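Next up: a single chain in structure tokens, the form deposited in one PDB entry.
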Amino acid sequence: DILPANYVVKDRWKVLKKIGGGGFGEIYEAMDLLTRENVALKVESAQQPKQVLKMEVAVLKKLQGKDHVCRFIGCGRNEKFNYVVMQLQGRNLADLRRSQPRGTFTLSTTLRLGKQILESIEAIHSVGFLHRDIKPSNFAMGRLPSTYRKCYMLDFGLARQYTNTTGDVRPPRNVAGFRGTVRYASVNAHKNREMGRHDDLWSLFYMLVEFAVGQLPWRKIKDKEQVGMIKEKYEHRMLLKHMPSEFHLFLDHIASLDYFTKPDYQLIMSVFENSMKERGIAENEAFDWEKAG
């Protein structure tokens, strides 16, 4: 562990426990000694080859003022480590889905989480970055009376800038090694092609099928190449058997997209809103994990 328990950062953030494992950094839960609340503290050693914290902070600062994003508290650098302090969130969508009796969410919960995730995806792309690791464990529900019904986008570690200073689209590399989670990865990412905005939309599509149907055909299969081969040949139309009919629009729209084309986020959002109108789902409705109703 980069920081032991009870260690104090910049004489303000006292380490309570480690909450996220090792890779290219560590996530800790800490106490803010000034404001008295608990915070998320992400740390990377200063003696590290691939240093991503700087990029994560750049993305988090650019996103301040948007919904579905943690509040930026602080950051710093020293001879031992680099750190970022941010607003702490609650239960992640992967643990919430697993806790469900049949491992499925109702369509009401699925469609509304869908709207919130799409808004956070549109928000990250409007600032010129691709998330590239859209998955349920990267989304968490709030932990406050003002936020318990709000879904937050987490972890900008695999993000990449796709639009330069002037808003021009950066050239794609001929080969771009894909390093995210296999399960929700698009066919383009499996092909090691440069990922675009549509690839974050493909992950949201596979997350929503998994949420409503409880499984994806390629679940439990661990070999990256094999999953990519199963996806390429799988009749995605057959993924929609039990999904609302408008998802064929979502699917036809994302299938047509390339690296350069801006997606039609409104058509995708319309697919969820009309799906909800057609079946009387309301915004005030309780989420599946909430009891007493």
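Quick note: we count residues from 1 along the sequence shown, nothing fancier.
Another form, the form deposited with a small molecule bound, is not on view; read the next lines as being about it.
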{"property": "4.5 Å heavy atom contact, residue 154 and the small molecule in the entry with it bound", "result": "yes"}
{"property": "Residue 90 within 4.5 Å of the small molecule in the entry with it bound, heavy atoms", "result": "yes"}
{"property": "Residue 246 within 4.5 Å of the small molecule in the entry with it bound, heavy atoms", "result": "no"}
{"property": "Residue 239: touches the small molecule in the entry with it bound, heavy atom cutoff 4.5 angstroms", "result": "no"}
{"property": "Partner-proximal stretch of 226-234, 52-60, 250-258, 264-272 relative to the small molecule in the entry with it bound, 4.5 angstroms, heavy atom", "result": "52-60"}
{"property": "Partner-contacting position among 84, 130, 117, 207 - heavy atom within 4.5 Å of the small molecule in the entry with it bound", "result": "84"}
{"property": "Contact at 5, 16 and 34 by the small molecule in the entry with it bound, all three, heavy atom at most 4.5 Å", "result": "no"}
{"property": "At the hinge of two rigid parts that rotate between the shown form and the other one, the residue from 204, 115, 54, 253", "result": "54"}
